[PDB]
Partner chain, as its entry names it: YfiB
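A lone chain, given as structure tokens: the form solved without its partner chain.
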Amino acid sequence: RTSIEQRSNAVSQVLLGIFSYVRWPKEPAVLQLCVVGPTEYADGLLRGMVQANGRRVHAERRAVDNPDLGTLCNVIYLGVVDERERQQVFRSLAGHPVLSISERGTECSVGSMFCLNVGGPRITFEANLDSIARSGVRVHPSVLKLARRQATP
């Protein structure tokens, strides 16, 4: 199988891959990533990242109940939350141009744009068209080339 350290650094790479199919209407100088809820694989994310075009991705944790997530965060990496916590977060986001990714696949039904599946030999992910449409950001459909090619043994 695959160690926690192995998967962490993979997740950060898959996320860099997703970020590249996403456009914000008002592109920031520093992309702000916010890790919300308990997470297993965001340890690599939280070191900061760098996009291929040179833009820095600043990452930090925020409280679920933070009323201004959607404002403080450009991208949001969602960890293990409960029904109440989730509704909080996705209400905090509603209206704003924000990309949401989840560490576990269960959250796609309930508000997340991309959901990861870190188990297995590779990291695959899934998307939700409803959540993406209402997101406020633009996503090129080629982003699934990455989800399909990661699922291909």
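Residue numbers count along the first chain shown, from 1.
Here the subject shifts to the form deposited with its partner chain bound, a form of this protein not shown in this document.
Residue 127 is the only one of 33, 101, 127, 93 with a heavy atom lying within 4.5 Å of its partner chain in the entry with it bound.
Heavy atoms of residue 29 never reach within 4.5 Å of its partner chain in the entry with it bound, leaving it off the interface. None of the heavy atoms of residue 25 is located within 4.5 Å of its partner chain in the entry with it bound. Although the partner is absent from this view, residue 9 stays clear of its partner chain in the entry with it bound, with no non-hydrogen atom inside 4.5 angstroms. Although the partner is absent here, residue 108 lies within 4.5 Å of its partner chain in the entry with it bound, judged by heavy atoms.
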